[PDB]
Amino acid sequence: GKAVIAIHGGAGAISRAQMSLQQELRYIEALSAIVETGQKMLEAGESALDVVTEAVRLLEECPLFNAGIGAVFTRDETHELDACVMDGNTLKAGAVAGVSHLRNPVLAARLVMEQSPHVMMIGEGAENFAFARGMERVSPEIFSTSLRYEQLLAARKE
C-alpha cells in the first residue's frame, strides 16, 4: 500500500460550545506538525516503529495532550503514566505502567521492547531498569500544567 500515519490526542466530551477558534487552532496546529513530521520520516524510508515512537514522543512533549507533559493529576495530585508500543513485523512489544520519573514513557516502553526479555514493566522496577540503560531520571513535577491542575480543582472540593 501507500506509506501512511494516523495520530490521536484523546477522545470524549469535546464541546464546540466550550472552545474558541484560537483554542481549536492550538490543537489543529499541534496535530498537523506531528503528523507532518511522521509523513516526512515515512517518505525518507524510516520504519513504522520509529515513526509511531517519535509521534507519541511529540504528543507526550505537547502540553495540550494527556501524556508526558500535561498528564492529568491523580487524586493525590501526583502523575502516573503508562505507554505501549508494538512492532507488527517482529510482533515484539514493550510497555510501562505507573511510572512518574520518566519524561517519555513511550521511550521507556521502546526500551522494554528492544533491551529486555519482557513486554511489561511497572513502577520503580520499570524506572530502575530504564535508569540502568542510561535513561534520565526526572521529577514528576515536570508533567504539571495549570490547565490540568485547574481541571483537578474543578473536579473536587477543598
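Residue numbers here begin at 1 and follow the sequence given.
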Per the record, averaged over C-alpha atoms, which has the higher B-factor: 23-31 or 53-61? 23-31
Do the C-alpha atoms of 101-109 or of 129-137 have the higher average B factor in the entry? 129-137
Comparing C-alpha B-factors across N66, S47, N89, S116 in this entry, the winner is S116
Within this chain's modelled residues, let me know which third the CA B factor of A3 belongs to: lowest, middle or highest. middle
Where does the C-alpha B-factor of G9 rank in its chain, lowest, middle or highest third? lowest
